[PDB]
There are 2 protein chains.
Amino acid sequence: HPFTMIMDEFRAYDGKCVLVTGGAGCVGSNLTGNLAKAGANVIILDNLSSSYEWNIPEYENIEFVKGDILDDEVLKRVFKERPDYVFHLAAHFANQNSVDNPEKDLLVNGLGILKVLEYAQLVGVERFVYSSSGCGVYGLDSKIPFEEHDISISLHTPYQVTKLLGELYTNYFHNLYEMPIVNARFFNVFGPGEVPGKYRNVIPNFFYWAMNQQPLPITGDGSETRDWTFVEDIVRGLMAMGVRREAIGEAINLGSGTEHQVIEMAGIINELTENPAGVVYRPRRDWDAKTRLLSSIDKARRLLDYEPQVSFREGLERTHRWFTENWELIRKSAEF
Amino acid sequence: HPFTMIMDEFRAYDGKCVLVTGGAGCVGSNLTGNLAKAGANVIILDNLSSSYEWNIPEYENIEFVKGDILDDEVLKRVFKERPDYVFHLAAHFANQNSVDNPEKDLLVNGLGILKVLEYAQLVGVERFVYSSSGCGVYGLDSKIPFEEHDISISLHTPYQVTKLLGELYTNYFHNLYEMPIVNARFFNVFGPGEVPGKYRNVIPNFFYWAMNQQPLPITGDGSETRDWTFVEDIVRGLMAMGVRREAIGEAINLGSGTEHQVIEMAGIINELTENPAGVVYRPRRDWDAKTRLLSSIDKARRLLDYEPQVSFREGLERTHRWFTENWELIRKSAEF
Ligand SMILES: NC(=O)c1ccc[n+]([C@@H]2O[C@H](COP(=O)([O-])OP(=O)(O)OC[C@H]3O[C@@H](n4cnc5c(N)ncnc54)[C@H](O)[C@@H]3O)[C@@H](O)[C@H]2O)c1
Ligand SMILES: NC(=O)c1ccc[n+]([C@@H]2O[C@H](COP(=O)([O-])OP(=O)(O)OC[C@H]3O[C@@H](n4cnc5c(N)ncnc54)[C@H](O)[C@@H]3O)[C@@H](O)[C@H]2O)c1
Ligand SMILES: O=c1ccn([C@@H]2O[C@H](COP(=O)(O)OP(=O)(O)O)[C@@H](O)[C@H]2O)c(=O)[nH]1
Ligand SMILES: O=c1ccn([C@@H]2O[C@H](COP(=O)(O)OP(=O)(O)O)[C@@H](O)[C@H]2O)c(=O)[nH]1
């Protein structure tokens, strides 16, 4: 097998204490499962504001703490366990939600990461890994494909603003207090573990609508593109970031390095679900000025030996399977 | 006289309603005086957390509202007047204060500017001018002299972080809602109107100590440099930013474009005050990693016809005069 660094680099988590904020969500549920498999003791802190307790994997060594990253009482409760690793995935999500609710977005994404960083400073951590966003740091003035040095300060939603703000604070803690941080810049993550809903991503919403035989609403002309990254590839990146010394202090894109049109994505989902309803065209969402996103993943290749293992098609099949296996829980949980 | 654009460009403020948040402070007191002279009706919103009511100039057309930019009640009180211009100078100041009190710094600098921007959106403004910071947006990875495109996301204090955050939000309101914003990047402002104190700038603190015949404490070796910008030059820049259409959506350095050593600055102050106590050397402050600051002011030249009129020496003489004329008020007010 070629998977020597994926397997034995990660055994480094065995017996370690890992706090995952936002651990009941899409990336979090996948990450926490893999950490538990690697023998970590995992603490999830999540307020379930955009996630469901049933999504958390069932492992003896995962402890679920329902609470808010803005609440200093619960923060002391988890940080007195002295986590060796913090993966900070909790966030007010995402673009539209943030335009509607900019102050709550700042409190959760700004004051929330600041508090979590402050407690991490008090106890000391081997690593603090933050889920930043490609959309959040690359602007219309950034060249495609996006390289990590080529960030923008001219953004289109409060979510984008506060994703960058997170990097501003992790870099600050690194610079002044020598905290070993890593800034992961995710690109349109998808896969098992994202329940559909009003403020959620297009792929799970399209699966939900397609499986109710509804037409898929395309917000644009369909030629808009995204770099969609399968969640298990994201997780492999994150786990590498926790242990590689060369990741310390760095910002690193986690993407597929390929782009697909919205119309293709919709076609694949309709094909897999045997949806006869096709698509309908709607106007672009007003804040959606960045209609092409494509990452450069060469830095991740260099520092992490990161390489996506799952094709777009394979990813969508795995997503479909999760939908069919959990359809009743999803039906009940989805809030539009 | 050569001052045609300084004089008749600014008559544009005559009869206009101008809100100046942070208006009782150093830059604010100077700005509000000049706006009142130009015939503007001025509303100051200031909580006096680092300023004194005696500093506000006495003009019939200045209305002082004691209140907090985080308080939605007082925000409605000032914004129902329908200001034509907003100059947003209110800020939790500055580097050390922010390291000590990072959460309050974020609430004031982040949530505060967000709220003020939200109300400006509701009423509509001809211009929203924000006092960002050279120190806040240029890093160790930025080339000296600092040009406006060459920003950094790797900062050294929470104040630097939240100064950049302000630009992130003004750019957002410009991008999504077409708010006519301008981001002014000030470089080490000095002059009449800054009372000395624990968390204040070096020049007024040095005047206060020198006028008590105390040695001036140099935090470093004295070869550290700053681009010190006289407050009346800053004010001329700001007033141009309010009226020039070419400033809309732009980030622009307001500096002197020259650097001076700390040791020279100290020597001049000791000379003017006839201080016999000289200097003493202390360690660098731990967050003070940027020991050279120098702006490029060519963009301001191009867009605003900005040109500093007051030399470093002349500026320090004017500062000295303000100290001697207000010595008793300063003695009483200074909090160390
Ligand atoms: N999904 C993407 O395409 C994408 C892209 C870039 C970045 N990210 C980032 O990655 C992280 C995880 O994304 P995701 O897709 O799993 O989203 P998600 O919504 O599934 O996960 C976030 C979790 O945080 C929780 N949370 C929200 N506010 C909280 C608060 N105040 N206190 C505690 N918990 C709170 C939610 O309940 C949720 O379970 C987020 O930081 C997100 O911004 C995601
Ligand atoms: N002085 C400099 O060298 C420099 C450099 C770069 C940027 N700036 C920026 O320029 C602006 C003005 O600077 P300054 O030198 O006049 O500082 P200052 O402290 O004299 O002025 C700021 C004012 O804001 C007020 N304020 C603070 N918190 C408030 C709150 N929550 N609500 C309402 N009012 C509040 C203070 O009481 C004060 O009068 C600030 O935004 C500052 O960050 C200054
Ligand atoms: O109901 C939808 C939602 C999204 N999209 C398109 O899908 C792509 C990604 O949308 P998503 O909201 O998942 O992520 P983001 O826009 O934040 O990248 C964008 O081009 C959207 O215009 C769509 O066609 N229909
Ligand atoms: O008591 C002091 C305060 C400051 N400085 C020096 O003066 C310069 C500017 O300091 P200030 O705090 O005024 O502004 P900032 O450091 O935020 O630019 C820096 O090189 C400081 O090290 C000093 O020598 N003694």
Side-chain angles (χ1 to χ4, degrees), chain A residues 21-30 44-52 55 67-71 74 88-96 104 107-109 112 130-136 157 159 163 166 184-190 193-195 199-206 209 216-220 222 224-226 228-229 231 234 262-263 265-266 279 281-282 284-285 288 290-293, chain B residues 94-96 133-135 157 159 187-188 190 200-206 209 216-220 222 224-226 228 262-263 265-266 279 281-282 284-285 288 290-293:
Chain A
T21 72
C26 181
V27 179
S29 59
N30 282 282
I44 295 170
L45 178 60
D46 202 305
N47 68 356
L48 306 178
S49 56
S50 65
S51 56
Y52 304 86
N55 201 46
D68 200 306
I69 63 175
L70 290 168
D71 171 25
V74 85
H88 180 71
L89 314 177
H92 178 259
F93 190 97
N95 284 305
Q96 189 69 57
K104 195 214 267 210
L107 289 172
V108 174
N109 293 356
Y130 164 55
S131 53
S132 188
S133 163
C135 174
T157 69
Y159 172 79
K163 285 280 104 177
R185 295 168 178 174
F186 300 169
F187 282 75
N188 297 68
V189 182
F190 79 105
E194 190 182 358
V195 173
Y199 285 129
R200 301 312 312 187
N201 301 302
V202 72
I203 287 164
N205 285 353
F206 275 17
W209 292 320
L216 302 185
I218 296 183
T219 52
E224 299 83 13
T225 60
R226 292 289 187 269
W228 277 288
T229 318
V231 67
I234 294 285
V262 165
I263 189 54
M265 177 274 296
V279 306
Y281 294 92
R282 303 272 169 256
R284 280 186 192 151
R285 300 153 313 166
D288 190 17
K290 268 131 41 162
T291 61
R292 179 169 184 217
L293 305 178
Chain B
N95 284 305
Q96 189 69 57
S133 163
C135 174
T157 69
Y159 172 79
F187 282 75
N188 297 68
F190 79 105
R200 301 312 312 187
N201 301 302
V202 72
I203 287 164
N205 285 353
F206 275 17
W209 292 320
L216 302 185
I218 296 183
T219 52
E224 299 83 13
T225 60
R226 292 289 187 269
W228 277 288
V262 165
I263 189 54
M265 177 274 296
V279 306
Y281 294 92
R282 303 272 169 256
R284 280 186 192 151
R285 300 153 313 166
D288 190 17
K290 268 131 41 162
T291 61
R292 179 169 184 217
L293 305 178

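All ligand and atom numbering here is 1-based and tracks the order in the structure. Excluded from the calculations below are hydrogen atoms, water molecules and symmetry mates; all remaining heavy atoms, backbone and side chain alike, are included. All chains are named by letter (A, B, ...) in the order of the sequence lines, taking the proteins before the strands, and each is independently numbered beginning at 1.
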Heavy-atom pair with the smallest gap, counting every atom of A:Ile263 and A:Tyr281: CD1-OH, 3.7 Å
A:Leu70, portion touching ligand 1 at heavy-atom distance under 4.0 Å: neither
Protein residue, atom and distance nearest to atom 1 (N) of ligand 1, heavy-atom basis: A:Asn201 ND2, 3.5 Å
Student check: side-chain heavy atoms of A:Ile234 and A:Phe186 closer than 4.5 Å: yes
A:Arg200 and ligand 1 - part of the residue with a heavy-atom distance under 4.0 Å: side chain
Nitrogen or oxygen of A:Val202 less than 3.5 angstrom from that of ligand 3: yes
Salt bridge (charged side-chain N to carboxylate O under 4.0 Å, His left out) between A:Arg226 and A:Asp288, worked out: CA-CA 12 Å; A:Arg226 292 289 187 269; A:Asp288 190 17; 3.1 Å; yes
Nearest neighbour in protein (non-hydrogen) for atom 31 (N) of ligand 1: A:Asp68 OD1, 3.0 Å
Check: A:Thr219 N/O within less than 3.5 Å of ligand 3 N/O: yes
Option set A:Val195, A:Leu107, A:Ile69, A:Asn188, criterion heavy-atom distance to atom 32 (N) of ligand 1, minimum: A:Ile69
Identity and separation of the nearest protein heavy atom to atom 40 (C) of ligand 1: A:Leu89 O, 3.1 Å
Validation row, ring centre A:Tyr199 to ring centre A:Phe93 under 6.0 Å: no
Atoms in ligand 3 with a heavy atom of A:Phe206 nearer than 4.0 Å: 1 (O), 2 (C), 23 (C), 24 (O), 25 (N)
N or O contact, A:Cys26 vs ligand 1, cut-off under 3.5 Å: yes
Within-cut-off N or O pair, A:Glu224 and ligand 3, under 3.5 Å: no
Backbone or side-chain N or O of A:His92 under 3.5 Å from ligand 1 N or O: no
Ligand-residue contact atoms, ligand 4 with B:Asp288, heavy atoms, under 4.0 Å: 22 (O)
From the candidates A:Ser51, A:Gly22, A:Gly166, the one that places a heavy atom nearest atom 23 (C) of ligand 1: A:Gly22
For A:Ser132, the ligand 1 atoms whose distance to one of its heavy atoms is below 4.0 Å: 6 (C), 7 (C)
Closest protein heavy atom to atom 35 (C) of ligand 1, given as residue, atom name and distance to 0.1 Å: A:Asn47 OD1, 3.1 Å
Ligand 1 contact on A:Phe93 by region, counting heavy-atom pairs under 4.0 Å: side chain
Proximity to ligand 4 by part of B:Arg226, non-hydrogen separation under 4.0 Å: side chain
A:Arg284 versus A:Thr219, closest heavy-atom pair with distance: CG-O, 3.7 Å
contact_flag A:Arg285 ligand 3 heavy-atom lt 4.0 Å: yes
Proximity to ligand 4 by part of B:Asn205, non-hydrogen separation under 4.0 Å: neither
For B:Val262, atoms of ligand 4 separated by under 4.0 Å from a heavy atom: 6 (C), 7 (O), 8 (C), 20 (O), 24 (O)
For atom 25 (N) of ligand 3, the protein heavy atom that lies nearest, with its residue and separation: A:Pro217 O, 2.7 Å
Part of A:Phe187 within contact of ligand 1 (heavy atoms, under 4.0 Å): neither
Closest protein heavy atom (residue, atom, distance) for atom 25 (C) of ligand 1: A:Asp46 OD1, 3.3 Å
From CA spacing to verdict: side-chain contact (heavy atoms from CB on, under 4.5 Å), A:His88, A:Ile69: CA-CA 10 Å; A:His88 180 71; A:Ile69 63 175; 3.7 Å; yes
Contact check: A:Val189 vs ligand 1, nitrogen or oxygen atoms, below 3.5 angstrom: yes
Region of B:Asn188 engaging ligand 4 - heavy atom pairs below 4.0 Å: side chain
Nearest protein heavy atom with distance in Å, relative to atom 17 (O) of ligand 3: A:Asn95 ND2, 2.9 Å
A:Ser133 N/O to ligand 1 N/O under 3.5 Å: no
Whether A:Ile218 lies under 4.0 Å from ligand 3, heavy atom: yes
Ligand 4 contact on B:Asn201 by region, counting heavy-atom pairs under 4.0 Å: both
Closest approach of any protein heavy atom to atom 43 (O) of ligand 1, naming residue and atom: A:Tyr159 OH, 2.7 Å
Proximity of A:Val108 to ligand 1 by residue part, where a heavy atom lies under 4.0 Å: side chain
Protein contact to atom 21 (O) of ligand 1 [nearest heavy atom, distance to 0.1 Å]: A:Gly25 CA, 3.8 Å
A:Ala94 touching ligand 3 at heavy-atom level, < 4.0 angstrom: no
Student check: side-chain heavy atoms of B:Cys135 and B:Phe187 closer than 4.5 Å: no
Over all atoms of both residues, closest heavy-atom pair of A:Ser51 and A:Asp46: OG-OD1, 3.2 Å
Numbering as shown, the atoms of ligand 1 that approach A:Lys163 to under 4.0 Å (heavy-atom distance): 40 (C), 41 (O), 42 (C), 43 (O)
